[PDB]
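>>> Begin with these chain(s), straight out of the complex:
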Amino acid sequence: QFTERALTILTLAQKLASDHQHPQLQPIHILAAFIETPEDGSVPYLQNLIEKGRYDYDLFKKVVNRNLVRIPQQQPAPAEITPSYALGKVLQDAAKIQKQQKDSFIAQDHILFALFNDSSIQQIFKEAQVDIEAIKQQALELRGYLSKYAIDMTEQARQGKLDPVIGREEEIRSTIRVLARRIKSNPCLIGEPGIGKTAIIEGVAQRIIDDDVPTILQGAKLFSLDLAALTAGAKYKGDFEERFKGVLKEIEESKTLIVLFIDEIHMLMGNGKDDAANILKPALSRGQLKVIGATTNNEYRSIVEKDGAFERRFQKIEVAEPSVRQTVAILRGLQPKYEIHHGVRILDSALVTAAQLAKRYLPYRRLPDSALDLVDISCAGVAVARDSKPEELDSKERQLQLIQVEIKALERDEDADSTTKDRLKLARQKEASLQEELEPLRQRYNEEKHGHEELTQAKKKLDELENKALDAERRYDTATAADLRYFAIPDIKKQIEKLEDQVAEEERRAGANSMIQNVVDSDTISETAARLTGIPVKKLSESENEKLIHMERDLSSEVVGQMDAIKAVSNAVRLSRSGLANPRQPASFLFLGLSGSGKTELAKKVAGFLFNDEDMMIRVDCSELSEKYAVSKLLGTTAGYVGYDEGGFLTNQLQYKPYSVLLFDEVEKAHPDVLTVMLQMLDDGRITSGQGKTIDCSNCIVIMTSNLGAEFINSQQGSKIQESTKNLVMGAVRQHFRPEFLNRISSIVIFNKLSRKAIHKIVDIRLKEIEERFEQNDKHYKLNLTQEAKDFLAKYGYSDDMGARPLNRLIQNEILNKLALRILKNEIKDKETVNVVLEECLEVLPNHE
């Protein structure tokens, strides 16, 4: 079919044959059809591909008019009996040209290409155009180089390959509102990268296409001017200015109220620069050039700090992150796209779960991207598995080849006639069994694959019908809108439903099919999340009974005594993983006590327990504090400063390990310099670093620790600290920290004197671990602590003022020192005996062998 421009030329050619009473419509008339006027700025006459291509128009009009005179007349009714072979071919070739250029309709431009292929003027010395070489270049020389350096967003949005962007309607309308401004008329989208800023623009393109804009903008058009525009479409010094003040100049006039945009967005800080004004200001001032800009939060600040003129030319727009609900709605709209992408079924609950998980395990990553990546990655994953089902197929194929080896090893011989090798027949029988089992597995699997291919295509076809329906609706093309809405779409819809039923669900499983090829809400998605990030905080691992429910016992086992603290912890972690801890606040505690009490041991054991890794913990030296409080703290240094470790000791670790237990050392030594930062983590954990990037602390439990309370706790008035003493501690804590800081801590916890009844068990744990960690048991002890070593250790070391620490020392002082001596003296070959003789008395083994 033809465009309005092309159809006009066709129509005019026919008109001219009738007007001149000619029996045949010839290229001469179509050439005449182009030269409607003698206008210098008209593409049909002097901005024409022919003029710029090869033959001059003063000469052209002479050629055309000479032929119009030479072509014979009729008595009007017989005009145009034929179009000649020539226009038949040219007009159809113009369709061929569409196909070469991948255009939807025949352009007048295409008719000119068709004419170049067939342009020949009868004469002894015939006139002609170059077959096509010049015109391909001349097409670029029409306003169209815009398409060389830019994507016509409205053309593409109208054509297809554009997602149903939703949840951005507020922002789309706001962007349009800015375009409706008179001074700051160039909206700018600001936020996280990857947030749908382009999607907003695309949404605007759709509204322009639909004419759902405030009248003035109905005459508008959107283009993405980039990449090629920036650099790739050129190679010489000065080419920038030439393509810039070329494509922009073309854009600036006549061809609709063109609005441009950048996809590399921050790029204006390099694509503007010397031309920061020239890129727009005078193009807007002289007419209608408008743009939709964009930048990240950090880049926004940079373009402002660098220039700032952009705040006179542009209007800053914040772009939101969607809620899980909104994210899911987005995923649902695109769910069939994803199913088509991989030929995989996707559960609705997988979109919900992926969105919930993405926020829970990667809170600092864009939610809709992360949710999607989790899905597209897992979709891709199962699609890969389904290529071979190797567990059955590779296993049998290997067994078959192993048989082939046995076959040649036994067959290609003289001993082949002896039972020595003729035993081979047994392997051949096995070969046959494997071939017979394998082929139906193979074909069954191919059938399962085909079912997915059928679904893929059925869904694809439906969407194409929809794309077409949407264009028909905006054209108010009732006829094709009806062709699609009635019967065609319902047909494919029903085919899809039938194809889904072809899965042949049976009571034994969701399909007669042996393979899954689906995205299961938790199994597929939770697994993928774990494979991608290690720790799946919302996995809800089966063993909850120990993992949080009986955490008190696990903590009691690792941390003996301090039952009050353990119970305080147990309540805390249950709130953090049950989801009850309100999302507005990471759980946080202050651990107060005496040295050797185990207060940091408990926190480490919490990390141990929750992540199965005590090294999951991130430590903060809150006592090493001065005005430098940057790279070593939760803020980092700031972009523009020398060095790239912008929180290189913490902020990067917090994102690296998205959640953990963050623990601060002796916070009593801390100052507001960082306490007012820790505060930003204590609740509403969104600390923005000097990178412009945010920690977004959520799941992470934050522990503050201190011996501040020792001032009263060390009264030792019972191992269990009593009210009074605790209030004095509380008082002192409030003296040290802003009480409001403290009020954002979930609870302040006071540790007890580590009781001797606890220590009496702790030392066994320690001694066991001490020995086990000493490389290999090529030495070590038999470790018969008996009643006596345990009691010596107690009587000579369970100090009320050092807890477990003096025991570490005692053990070394006695137990390991004597061992070392027995080792050095070659009294031990392996292991060693343990006892006390009155006075620790490590015994000695028979001399080393």
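Looks like it arrived, so ask away. Residues are numbered from 1 along each chain as shown, chains lettered A, B, ... in the order given.
>>> Which residue is the nearest non-sequential neighbour of residue A:81?
Spatial nearest neighbour of residue A:81, excluding adjacent residues (Cβ to Cβ, 6 or more residues apart in numbering): residue A:23 at 5.2 Å. (C-beta placed from N, C-alpha, C; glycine too.)
>>> Pull the number of nearby residues for that neighbour.
15 (other Cβ atoms under 10 Å).
>>> distance of it from residue A:118?
According to Cβ to Cβ, to the nearest Å, residue A:23 and residue A:118 sit 20 Å apart.
>>> top helix in chain A by residue count?
For chain A, the helix with the greatest residue count under DSSP state H is helix A:425-475.
>>> by contact count, what packs against the helix or strand that that helix is followed by?
Next helix or strand after helix A:425-475 toward the C-terminus (DSSP states H and E): helix A:478-483. On a contact count with 3 or more Cβ pairs under 8 Å, 6 or more residues apart in numbering; DSSP states H and E, helix A:478-483 meets helix A:425-475.
>>> OK, contacts around the most centrally placed residue in chain A?
Nearest to the mean C-alpha position of chain A, counting by Cα atoms, centre = their mean, stands residue A:369 at 4.0 Å. By Cβ atoms under 8 Å, 6 or more residues apart in numbering, the residues touching residue A:369 are residue A:194.
>>> Check which helix or strand it maps to.
helix A:367-385.
>>> Run the angle between that helix and helix A:425-475 for me.
Following axes from the mean of the first three to the mean of the last three Cα atoms, to 10 degrees, one obtains 140 degrees for the angle between helix A:367-385 and helix A:425-475.
>>> buried stuff in helix A:367-385?
Residues of helix A:367-385 classed as buried: A:367-376, A:378-379, A:381-383 (neighbour count, 16 or more other Cβ atoms under 10 Å).
>>> Show me which positions of the helix or strand just after that helix end up buried.
Using DSSP H and E, the next helix or strand after helix A:367-385 towards the C-terminus is helix A:390-411. For helix A:390-411, the neighbour count (16+ other Cβ under 10 Å) marks A:396-397, A:400, A:403, A:406-407, A:410 as buried.
>>> Which strands or helices does helix A:390-411 pack on?
helix A:419-422, helix A:425-475.
>>> tell me what the longest one is packed against?
Which is helix A:425-475. Counting by 3+ Cβ pairs under 8 Å, 6+ apart, helix A:425-475 packs on helix A:324-342, helix A:390-411, helix A:478-483, helix A:489-501.
>>> could these go into CSV alongside distance to residue A:211?
Compiled in CSV, those are given as follows (distance: least, Cβ to Cβ, whole Å):
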stretch, distance to residue A:211
helix A:324-342, 23
helix A:390-411, 55
helix A:478-483, 16
helix A:489-501, 24
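>>> doesn't residue A:292 fall inside a strand?
Yes. Counting by DSSP: H, G, I helix; E, B strand; the rest coil, residue A:292 is part of a strand.
>>> any idea how far it is from residue A:149?
Going from residue A:292 to residue A:149 by Cβ to Cβ gives 17 Å.
>>> before we move on, what about residue A:577?
For residue A:577, the distance to residue A:149 - Cβ to Cβ - is 53 Å.
>>> The two: who's more crowded?
Comparing residue A:577 with residue A:149 by other Cβ under 10 Å, the one with more neighbours is residue A:149, at 24 against 19.
>>> Is there a neighbour count for the residue lying closest to the more buried one once chain neighbours are set aside? I'd like the number.
Spatial nearest neighbour of residue A:149, excluding adjacent residues (Cβ to Cβ, 6+ apart): residue A:229 at 3.9 Å. Using other Cβ under 10 Å, the number of residues around residue A:229 comes to 28.
>>> Just confirm residue A:229 is within a strand.
No. Looking at residue A:229 with three-state DSSP, it is helix, so not inside a strand.
>>> And the helices in the stretch 551-700 of chain A?
A:551-558, A:563-578, A:599-611, A:651-656, A:672-682 (DSSP state H, counting those that start in this stretch).
>>> here's chain B, drop it onto the model above:
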Amino acid sequence: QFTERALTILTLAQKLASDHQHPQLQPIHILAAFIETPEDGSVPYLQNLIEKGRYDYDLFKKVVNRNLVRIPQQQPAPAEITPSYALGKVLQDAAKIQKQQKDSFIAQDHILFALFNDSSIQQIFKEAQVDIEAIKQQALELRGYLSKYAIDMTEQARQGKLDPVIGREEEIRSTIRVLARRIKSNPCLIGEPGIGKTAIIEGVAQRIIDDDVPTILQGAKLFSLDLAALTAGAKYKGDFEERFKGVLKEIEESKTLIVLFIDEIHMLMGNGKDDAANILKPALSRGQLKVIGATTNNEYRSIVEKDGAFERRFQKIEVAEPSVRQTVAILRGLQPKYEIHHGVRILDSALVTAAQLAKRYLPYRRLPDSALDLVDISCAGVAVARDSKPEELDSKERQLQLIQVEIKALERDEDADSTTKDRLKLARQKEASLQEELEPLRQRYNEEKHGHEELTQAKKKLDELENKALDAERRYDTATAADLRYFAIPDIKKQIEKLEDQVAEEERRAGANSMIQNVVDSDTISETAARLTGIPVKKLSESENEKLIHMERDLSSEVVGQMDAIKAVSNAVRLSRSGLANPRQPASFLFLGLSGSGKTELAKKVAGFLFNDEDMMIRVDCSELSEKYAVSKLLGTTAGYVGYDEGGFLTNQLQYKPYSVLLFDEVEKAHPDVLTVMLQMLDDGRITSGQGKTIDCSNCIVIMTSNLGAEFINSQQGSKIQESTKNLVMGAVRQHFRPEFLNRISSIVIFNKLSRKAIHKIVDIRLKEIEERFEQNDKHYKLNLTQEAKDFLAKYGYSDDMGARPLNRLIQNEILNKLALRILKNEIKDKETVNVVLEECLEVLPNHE
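To build on what is shown above, here is chain B added in:
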């Protein structure tokens, strides 16, 4: 060889000879190369040497273009052939001109001088150009960097299309006066960005074209510079400095005198001097280089302190934000511009509102900037509102189209004849019904559109006639000015008035145009501000007293009891809001009652209402307080002493939240020296600090709290405290506090003891908040509190001394921690059962499922 302009103009001559297929390239083609188009603005054609040299350029245009046509046409092989002697000589002579001018390349003007010497127009009335010495005088007017780095503000002003500058008349004159100086004549505008500092520059541009400028300056041009030659980008050392030198010296040649303007001195400074940026400016502080600089008050001081020279190169010209009334005057001057800029009408009260509101909500942004945007945005909003036309028409037309689709869909069938689908005729009735509604709606909208349209067009015509009159008047063209005043302008005014008759405000529609809602006072403006900043109570078109009163009623309802306290506060606040209280004094209160009484919450609610945010509350622990009162308060330590974070806790919040509430928690425990500071704090809001800067507390309510008389309140003498009880808490206040304090406090506010009869409401409110705040779910309780929880929570929880603090803790432990555990046990699918067992617990709703 040739330079870019020269090689191009030669290339064009050569191109024309080959394009028109001429046998020879000659003076006609080079003249044609210069006369590219009829545009006089083409540098090659009329503002060129061609018009300025005398020759009747119309003759060159006609003769040359006619000759391109008359010169014989040839085949491509004979096309062009040679430049001949004729142009050989011209180009060779152009080289001789290079020698004359010291030009490294041949210039287009050299070509013209040479061309002019040899070529003439052979006509019966033959002409030739004035000799080249006269022509060179004209050549020297063109160029000899600003075109790539600056905007010619005076020429812009001369052409109109420049906003009138309002409220800066003296600042404009001040810079002119300074520019008149023989040395160090560069003024620098000092003030915050967005204050209209460039408005002054625009104003100067207007003074130049108005001829109000001293002759010595009058003959000068005015440019807006910086950034393009400072911050835009560099690859090497000196890239900006090269551009500086370029401009710094180009300015000394040909172009009389040029006044430049620098957007920001802070970007210049000198990078540790380092022979960079700013250091190049003092170099020409006597060397003409007239320039108006600009920076901020804050940076200015540090620029000068670090530089030492700047203050002797540039003059310190201060610029400040306009008052709200001045802002409105600016807006009024722009009001009709906004109307034509947007195609809307604007109420004057909207300008008033915009200026008032814009100031009130922007502690971090300039009034004239934001007032101008508030108006440009809000009126853009109204312009966007024209969407009403397609909104109403499309909602209906869309349904119409859906109906039409059904119609074509069902007509093309066999069931179409069956009533099965022939009931379709009803769809046709609906199509028609909608068409009948759509046509008068559409025509209504067309009329509405045209009404405003024509009004706008007439206003635009008026403004351009006015621009012509203003130019005619200032340039003393009394003929033009008189004609414009001689009814041209009065008549367009009459047309505008007749168009107002066509607006035809109807009694039912106060402007016959629903598309143009108009910028309606504060409805449009508050809406706009709210859309841009958040939605406060402040959005309402209410007096300060009414906003307060409506909120006081909510306050009385939300707080349990304490109505007497609320009224005491309300009275004082109203006195203050009215301006009757002396403005120097912030309101302040002493909240006297029981600990746990809600006194803090009253104050928070006051913040929640008067400042629309409970979380803006600033708090002081007065019990943890001794003789050293510093950082934790307002004073900070004295700078010169460690404790640079002056008034780290309170001053910082007050200075960043000037409109808030500050509490003194248990103020009766404050150290006596602090209490004397308090006297300072209770009036004369210019409260001191360590840096010497005062607080200027006005809009911050300061509430001191006290439990001094708590024991009398405990007497339970009425649910609202009665005489002989409240008199004793005041007695205690008189005993403790000096009369001096009591004589400054707006009111001593007395709180009552209140039983569970209404405290239970608090308990319920908190329970509602607690379940509702769970952002990710709604597993709502079967909240079977029954009487047992009402009292348990009010018996083992809510305390006469600690209020709700223990409720919160009971709920966390007996409800949320119990809930967390059973969630992790997977015993909850949805909802949960309350089961108070006498203490408290939850029953598991599923059967431990």
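>>> With chain B now part of the structure, what is the answer for the neighbour count of residue A:229?
Number of residues near residue A:229 (other Cβ atoms under 10 Å in any protein chain shown) recorded here: 28.
>>> From the centre of chain A, give me the residue that's furthest out.
Largest centre distance within chain A, by Cα atoms, centre = their mean: residue A:75, 71.6 Å.
>>> So that one belongs to a strand, correct?
No. Using three-state DSSP, the secondary structure at residue A:75 is coil, not a strand.
>>> so who does it touch?
Residues in contact with residue A:75 (Cβ atoms under 8 Å, 6 or more residues apart in numbering or on different chains) are residue A:21.
>>> just the one 3 residues further on next, same as before
Listed by Cβ under 8 Å, 6+ apart, the contact set of residue A:78 reads A:21, A:23.
>>> List the buried residues in the helix or strand containing residue A:304.
In this structure, residue A:304 sits in helix A:297-306 according to DSSP H and E. Neighbour-count burial for helix A:297-306, counted by 16 or more other Cβ atoms under 10 Å in any protein chain shown, picks out A:297-300, A:302-303, A:306.
>>> I would like the residues contacting it, please.
Outside helix A:297-306, the residues that reach it (Cβ under 8 Å, 6+ apart) are A:188, A:190-192, A:265-266, A:268-269, A:295, A:310-311, A:316, A:639, A:691-693, B:231-232.
>>> give me that answer again for 7 Å
A:190-191, A:266, A:268-269, A:295, A:310-311, A:639, A:692, B:231 (Cβ atoms under 7 Å, 6 or more residues apart in numbering or on different chains).
>>> One more: stretch A:765-772?
Counting by Cβ under 7 Å, 6+ apart, A:780-781, A:783, A:785, A:811 sit against stretch A:765-772.
>>> By neighbour count, which of those wins?
Busiest of those [other Cβ under 10 Å] is residue A:781, holding 22 neighbours.
>>> ok so, going back, mind checking how far the residue farthest from the centre of chain A is from chain B?
Look at residue A:75 and chain B: by Cβ to the nearest Cβ, to the nearest Å, they are 37 Å apart.
>>> For chain B, see how far away the residue lying closest to residue A:86 once chain neighbours are set aside is.
Of all residues not flanking residue A:86 in the chain, residue A:27 sits nearest, at 5.1 Å (Cβ to Cβ, 6 or more residues apart in numbering or on different chains). Using Cβ to the nearest Cβ, we find residue A:27 at a distance of 21 Å from chain B.
>>> Residue A:27 - how many residues pack around it?
24.
>>> Thought residue A:115 was touching it, still the case?
Yes. Judged on Cβ atoms under 7 Å, residue A:27 makes contact with residue A:115 at a distance of 6.3 Å.
>>> which residues in the stretch 501-650 of chain A form strands?
A:518-519, A:588-592, A:618-620 (DSSP state E, counting those that start in this stretch).
>>> right, so of the ones you listed, which gets closest to chain B?
Relative to chain B, the nearest member of the strands of the stretch 501-650 of chain A by Cβ to the nearest Cβ is strand A:588-592, separated by 13.3 Å.
>>> Would you check the distance separating stretch A:77-85 from the middle of the chain?
61 Å (Cα atoms, centre = their mean, to the nearest Å).
>>> Residue A:555: neighbour count?
The tally of other residues near residue A:555 (other Cβ under 10 Å) stands at 24.
>>> who's in contact with it?
Counted by Cβ under 7 Å, 6+ apart, residue A:555 has contacts A:566, A:569, A:602, A:605, A:609.
>>> So which of the residues you listed wins on neighbours?
The residue in those with the most neighbours, by other Cβ under 10 Å, is residue A:569 (27 neighbours).
>>> leaving aside the residues next to it on the chain, what's closest to that one?
Of all residues not flanking residue A:569 in the chain, residue A:606 sits nearest, at 6.1 Å (Cβ to Cβ, 6+ apart).
>>> Hmm, that neighbour is touching residue A:661, no?
Yes. With contact defined as Cβ under 7 Å, residue A:606 counts as touching residue A:661 (5.6 Å).
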